[PDB]
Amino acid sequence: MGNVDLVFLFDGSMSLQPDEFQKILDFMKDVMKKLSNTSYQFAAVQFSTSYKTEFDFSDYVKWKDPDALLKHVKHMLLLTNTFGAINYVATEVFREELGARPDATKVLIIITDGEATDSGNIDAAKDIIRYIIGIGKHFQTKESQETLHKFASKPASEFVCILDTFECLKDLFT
């Protein structure tokens, strides 16, 4: 298995309840704990109206502690500008200056309810494997399912799943 630079792009919008946001934080911490001491290195970005890199690859290498790296997170509680968020990750997070490895396979785990308050395209992230981990009552809506298909890698059956069981992520370990 080659190196993998993985970015958790998590939804901090008002549409997700406080308990759901906390479940997102706990989920990211758990996935990182299971991937400690592997070819994986991480970064996390919270998105709502704006985007915030909560910790970068260099932070992960130095701390190697998910709990410590995400403890400071404050719920944004604004809009859900997902298109811009994916672009921000593609150009502002996957950078050697922030600890990214040029040789590494780029992976994005987008934890959200699937809604989007913005538009555009994500051509800049065409070389990034994108998973959608759903949470929130809006996830199963027709609007969300149609929206998330524009973000998830194909086929959707392999890259889209729910937070409670995260079945689609188990392949990251094989």
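One rule holds for the numbers: they count along the sequence shown, beginning at 1.
S.K.: Which wins on mean Cα temperature factor, 39-47 or 145-153?
M.R.: Stretch with the higher mean C-alpha B-factor: 145-153.
S.K.: When the Cα temperature factors in the entry are averaged, is it 112-120 or 63-71 that ends up higher?
M.R.: The entry gives the higher C-alpha B-factor average to 112-120.
S.K.: Considering every modelled residue of the chain and its Cα B-factor in the PDB entry, is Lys33 in the lowest, middle or highest third?
M.R.: Lowest third, going by the recorded CA B-factors of the chain.
S.K.: Comparing against every modelled residue in the chain, figure out the third that the C-alpha B-factor of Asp11 lands in (lowest, middle or highest).
M.R.: As the PDB entry reports it, the C-alpha B-factor of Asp11 lands in the lowest third of its chain.
S.K.: Going by the recorded CA B-factors, say which third of the chain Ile129 sits in, lowest, middle or highest.
M.R.: It belongs to the middle third of the chain when residues are ordered by C-alpha B-factor.
S.K.: For the chain shown, is the CA B-factor of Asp5 in the lowest, middle or highest third of its modelled residues?
M.R.: It belongs to the lowest third of the chain when residues are ordered by C-alpha B-factor.
S.K.: Going by what the PDB entry lists, where does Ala85 fall on CA B-factor within its chain: lowest, middle or highest third?
M.R.: Tercile = middle for this residue's CA B-factor.
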